[PDB]
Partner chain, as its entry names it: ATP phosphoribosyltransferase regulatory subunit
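Only one chain is included here, represented as structure tokens and corresponding to the form solved without its partner chain.
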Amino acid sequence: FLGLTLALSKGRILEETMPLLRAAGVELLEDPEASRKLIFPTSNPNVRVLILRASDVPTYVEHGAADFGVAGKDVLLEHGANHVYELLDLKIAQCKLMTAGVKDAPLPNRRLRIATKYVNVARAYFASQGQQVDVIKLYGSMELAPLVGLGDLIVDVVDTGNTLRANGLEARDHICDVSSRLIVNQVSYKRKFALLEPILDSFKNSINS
């Protein structure tokens, strides 16, 4: 396949990327949410789409199994973005990386235990606050961890805050704002630039308005 392969994740990133793609002359021919298929053609015969877990987008792009992709800044920070080029902030799937714990719970006077998927981000954030922390790596449902005493705080993405509030948790600290970024393979950028450039320019134009 000589064309471009675009890596996306289902749900938020796919929903909010599709208008950008449509403006660029690229439309999916079916709904990937309703399929077991993983490779999808588009209305442009030079572009196909891989549907991945969000955590795997940078990996496929890094290794060149996709030429480019859309990934959340939270994922890029955690995975490490040293072997891809971040080209555009698409301003989509907006949220915050935050810390949170049980509402009005005092912090214990000892080395903190942080339950989180974002172990690198958690360590780096707490390092900036002067704390060397223990991390408990989890893969989902971070909001449960404080309720059953697994760790003293969590680090997770927060949008509306409804998940925190539903579970008797409150956000303690804002770490950083998060949005989805367009990343490119470092070799694809050099070899397939003529194919990438119109789509990059289209996206850039669309995000201005």
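Residue numbers count along the first chain shown, from 1.
As for the form deposited with its partner chain bound, it is not shown, yet the points below apply to it.
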| said: Just to confirm, with a 4.5 Å cut-off on non-hydrogen atoms, which of 92, 88, 77, 95 contacts its partner chain in the bound PDB entry? | reply: 88
| Can all three of 110, 121 and 172 be found with a heavy atom no more than 4.5 Å from its partner chain in the bound PDB entry? | no
| said: How about residue 103 - does it come within 4.5 Å of its partner chain in the bound PDB entry, if we only consider non-hydrogen atoms? | reply: no
| query | Using heavy atoms and a 4.5 Å limit, would one call residue 191 a contact residue for its partner chain in the bound PDB entry? | reply | yes
| message | If we define contact as a non-hydrogen atom of the residue within 4.5 angstroms of the partner, is residue 18 a contact of its partner chain in the bound PDB entry? | response | no
| Heavy atom to heavy atom, is residue 165 within 4.5 Å of its partner chain in the bound PDB entry? | no
| said: With the partner left out here, which residues of 105-141 have a non-hydrogen atom within 4.5 Å of its partner chain in the bound PDB entry? | reply: none
